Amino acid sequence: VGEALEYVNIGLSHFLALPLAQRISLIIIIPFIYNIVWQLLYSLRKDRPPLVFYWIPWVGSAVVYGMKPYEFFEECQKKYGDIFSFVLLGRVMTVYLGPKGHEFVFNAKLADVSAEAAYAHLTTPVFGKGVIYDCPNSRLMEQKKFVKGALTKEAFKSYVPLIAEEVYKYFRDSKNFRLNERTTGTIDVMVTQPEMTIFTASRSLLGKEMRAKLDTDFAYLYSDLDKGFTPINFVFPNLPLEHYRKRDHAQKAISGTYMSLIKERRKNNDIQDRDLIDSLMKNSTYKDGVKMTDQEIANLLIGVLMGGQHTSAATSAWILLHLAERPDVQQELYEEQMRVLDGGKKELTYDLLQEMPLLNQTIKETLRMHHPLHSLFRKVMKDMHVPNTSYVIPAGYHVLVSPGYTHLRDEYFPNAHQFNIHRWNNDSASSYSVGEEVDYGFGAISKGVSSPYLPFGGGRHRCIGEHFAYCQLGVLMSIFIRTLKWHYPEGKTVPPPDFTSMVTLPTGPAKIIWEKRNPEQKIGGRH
């Protein structure tokens, strides 16, 4: 026995004396073996969801999850049911699929899970300090209340002619169109739609000055910041490379530009109700009396604009891509436009937009088939018991909810991979609570989150951009439809999504051919 412990020490001594070829080998062999041995032992636990088996330690199932997460989820669901875990670049992700998973994650108690712990490294290096996920949840709650204050029906009534003007200016001036000189052409929708999205969102949310900045070489800083918004930040939020230096420079340069305008407005008492900058200047005091700083206001503007940027641009790209092979839908949308707008002799308004159910259904169905965020995360902060099961999700795990997966299940949407706006006949609203409501600090929202359709999430982290997105996408598509027909180049079809980008944007290049419905039509104004 004691003789055995001497040979332990002797063996530790011969271990250290191995050739570095074998020391390195054992430094790879041993973690690999322990990994398999640990999973086998882990698979015995009754109080843990099944864990997806994986060969490479730390890396885990990262590759297949990034490649095709919904296909990854469907196979895991067939072997294990609706709750299962997998490891992901160092973390254990516990997936809860379906409406009860929406309920488990979106309505989790604030003490149990943390969104800022999952997201802060993704967003803080892009947006700046102090806001969104670089702050306590109750600060986020009031930030959402401040922003929502500029997102009112009356705000939407004035945004509509502004967004319309921007769309027409883009048809007139952009290289991709020039409708006054060309009656047909080919565009890449991942080129045109990010540009149309930033032009229209700038003009309406940021205001006339910040929109004017985009006609200068200042627009290059927006490109730099936009490039810093990448899921690489989940792993490498700060690397001493040039990518990160352009991003950081841009955040300072852009937030400096907003602080410049904010300070000029306050210095001149020029604070109105024009844009979200005005609104946050008048309404950014937290409930404990602390005011947001001009730096925090500008970082919140960056965040709101940048999140809205990627979700909205991806969605209008998909709308265009689904309609390019559906000339029947384009025709039906065109007729609705002629009826609602008296043949075009009525100007588009926010209220008339609400009388365009097929247009809004087309947005709604695109968001069904293309949730821009396939996976939403929380870090588990206290152990969580999974109701009706033996499972306990321990602190340090992550929970993963995926309403976009349920969007594509035939159980809840018959023929789920068919694009059919008519599945929403009589139900064209962007969403609506099926019953009771609750207020986390930014307005009463649906208490239950068991709806199989959840493009905007639910609970305390629920989107507040839904009506701005519909207003923006609504004006934009109304004008596209009334102005152009479009179709695919020959043999091309809807592309598959890129599930490794920030949003589930289409795999490019994704080109459509447009044509003027009225070749002789000319867009006025000066260029």
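Don't overthink the numbering: it's just position in the shown sequence, from 1. So that the term is clear: the rigid core is the largest set of C-alpha atoms that superpose within 1.5 Å between two forms.
Peer 1: Could you say which moves further from this form in 4 other deposited structures of this protein, stretch 159-167 or stretch 218-226, by root mean square CA distance after aligning on the core?
Peer 2: When 159-167 and 218-226 are compared in 4 other deposited structures of this protein, the bigger C-alpha shift is seen for 218-226.
Peer 1: Taking RMS over all structures and residues, which stretch has CA atoms farther from the shown form in 4 other deposited structures of this protein, 233-241 or 420-428, after a rigid core fit?
Peer 2: Looking at 233-241 versus 420-428 in 4 other deposited structures of this protein, the farther one turns out to be 233-241.
Peer 1: Comparing average C-alpha B factors as deposited, tell me which of 231-239 and 414-422 sits higher.
Peer 2: Going by the record's values, the stretch with the higher mean is 231-239.
Peer 1: When the Cα temperature factors in the entry are averaged, is it 382-390 or 91-99 that ends up higher?
Peer 2: Stretch with the greater average CA B-factor: 382-390.
Peer 1: Which of these has the highest Cα B-factor in the record: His467, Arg460, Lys485, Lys492?
Peer 2: Largest recorded C-alpha B-factor: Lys492.
Peer 1: Checking the entry, which one of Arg172, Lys345, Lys153, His310 has the top C-alpha B factor?
Peer 2: When the deposited C-alpha B-factors of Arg172, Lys345, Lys153, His310 are compared, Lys345 is largest.
Peer 1: Among all modelled residues of this chain, ranked by Cα B factor, put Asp278 in the bottom, middle or top third, i.e. lowest, middle or highest.
Peer 2: For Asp278, the deposited C-alpha B-factor lands in the middle third.
Peer 1: Please place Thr200 in the lowest, middle or highest third of its chain according to the CA B-factor in the PDB entry.
Peer 2: Ranked within chain, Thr200 CA B lands in the lowest tercile.
Peer 1: Once the chain's modelled residues are ordered by C-alpha B factor and cut into thirds, is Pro496 in the lowest, middle or highest one?
Peer 2: Middle third, going by the recorded CA B-factors of the chain.
Peer 1: What third of the chain, by the recorded C-alpha B-factor, contains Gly435?
Peer 2: CA B-factor rank for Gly435: highest third.
Peer 1: How does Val52 rank on Cα B-factor within its chain, lowest, middle or highest third?
Peer 2: Tercile = highest for this residue's CA B-factor.
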